[PDB]
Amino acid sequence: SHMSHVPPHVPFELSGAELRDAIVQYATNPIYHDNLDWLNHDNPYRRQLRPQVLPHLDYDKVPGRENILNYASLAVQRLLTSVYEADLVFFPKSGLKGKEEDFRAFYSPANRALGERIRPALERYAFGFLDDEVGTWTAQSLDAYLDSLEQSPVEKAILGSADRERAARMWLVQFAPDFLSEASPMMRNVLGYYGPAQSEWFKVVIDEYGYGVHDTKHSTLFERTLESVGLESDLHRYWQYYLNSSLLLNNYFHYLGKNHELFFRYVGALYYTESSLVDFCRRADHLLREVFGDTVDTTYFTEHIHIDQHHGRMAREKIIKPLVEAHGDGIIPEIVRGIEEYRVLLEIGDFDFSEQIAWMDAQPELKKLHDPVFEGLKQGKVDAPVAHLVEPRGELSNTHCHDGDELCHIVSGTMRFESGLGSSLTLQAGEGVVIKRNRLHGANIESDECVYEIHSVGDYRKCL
């Protein structure tokens, strides 16, 4: 007879210019500004988000799979890792003393609320493509689907590399955010109050945490792996060397774990990953010992061979089966979707890593190729936009990528052109490099000043 005394619900909405401004607001916290070095030196609170570029991206136009290695996707993946990790406890290896101010800037009411406000939009941008890459089910047809699930691409990339040890080290650092916080995304799913499945999931977590014994915690095992090949285990020392697809894979499990409407997707991906980890770890142990000899510590990997045989079975019989019985067959499409989305992300990671190692290994030839590409430009085979740049010593461009090929041409000075971990070129006057689209790179000026040009050729093959 009269209107409700409860005020109408205004749906959550954040888009367009207002969304852009909210993303810039989050990312202009000083702990996210560009690093003056290539490495974070035992400071887990500093993550490079290149905030100066964020005003210029279009967050409302969600990329499809052919575009998810473009720069805007890398930028969004970096943002999301930072947003998710505000829930995780980090202290420097050297102790908190001297780093309290950055600790307070990362764990602050403002930093969390700014990141949580933009997380829905960042998640659509990061994961929306999976809606197009991946109906009703019965328990019978799930069982058949599950019953039904060669050198690997990573093996071929590393073992066929011009520098196998460099390729393997670049591979290992991709796992640092995942393995050094191992099972933290999984732990998000055992908070709360639900059936016996909660206890079964917690048993899996107990093992990943080494039974509460720091010596045997899986993250500690991986520290030993990293240190045995001369890498460091402080997070995130190698932030600027994390590939887009590595962040995407790690962020997917924080997405599934934070958002409990996706709980049954996690249940499916847990089954697939736990079951797949035995073969993954067998291949990793074999490959690393081939590359490094007996100096490399692969206990991290062989421990999982021993344990994940049982974890995969635990997931199917003691997590999937009782949840399908309790909550009905309506949950099965989500279980399947978690498996099929994860498998898509793995394909993307294999491609992105393979492409990055090829790009690192090709650097000497891509320096030579600057000559014929430059001459094709001067001859007008391509009408390429050109940008002249002038930069002083130590001006370090934090790593990024471009969505088309570029020609970098040094007029005067000396540039360190960075293409991966352990992968660098010194470019002098009259020298340069062909920069391939979607490949991670950056640069630092080693001369007291550097004058250079960037030509936006699009497809360098048209200049030849």
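Just count from 1 along the sequence shown to find any residue number.
- Coordinates are lacking for 4 to 9 deposited residues between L149 and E150.
- In the deposited entry, the stretch joining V134 to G135 is interrupted by 1 to 3 residues of the deposited sequence lacking coordinates.
- For the pair 51-59 and 426-434, the mean Cα B-factor is higher in 426-434.
- Comparing 154-162 with 258-266, the stretch with the higher mean C-alpha B-factor in the PDB entry is 154-162.
- Of the candidates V336, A358, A144, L247, the deposited coordinates give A144 the top C-alpha B factor.
- As recorded in the entry, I307 carries the highest CA temperature factor of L323, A110, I307, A75.
- Ranked by C-alpha B-factor against the other modelled residues of its chain, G394 falls in the highest third.
- When the modelled residues of the chain are ordered by their C-alpha B factor, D279 lands in the highest third.
- Ranked against the other modelled residues of its chain, the C-alpha B-factor of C450 as given in the entry falls in the highest third.
- Among the modelled residues of the chain, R46 sits in the middle third by CA temperature factor in this PDB entry.
- In the PDB entry, a CA B factor belonging to the highest third of its chain's modelled residues is recorded for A17.
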